[PDB]
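Contents: one structure, followed by commentary.
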Amino acid sequence: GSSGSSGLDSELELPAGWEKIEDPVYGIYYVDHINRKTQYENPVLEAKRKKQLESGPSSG
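Quick note on the entry's author numbering: the sequence shown kicks off at 1 and runs consecutively.
Below you can see the structure in the form of structure tokens.
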């Protein structure tokens, strides 16, 4: 695992089923009690990042 110096990541107004767990060794990570998944990349950012998309390649 890669330990980052700056960690300005947080819940960021998580949607639903998100829990910000702060650990001294594991660090700050969000756990989903719905998809039993845990990752560093905040969901609020991802969704709002791939959602803000106004125009893009249409496929269907």
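From the three backbone atoms N, C-alpha and C, an ideal C-beta is built for every residue, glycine too.
- Of all alpha-carbon atoms in 1, 29, 9, 34, the one lying nearest the alpha-carbon of residue 16 is that of 34.
- Minimum Cα-Cα distance from residue 25 among the listed residues 32, 52, 3, 19 corresponds to 3.
- Sequence-distant partners of residue 23 (beyond 5 residues in either direction) whose C-beta falls short of 8 Å from its own C-beta, in its chain, are 29.
- The alpha-carbon of residue 8 is positioned some 21 Å away from that of residue 37.
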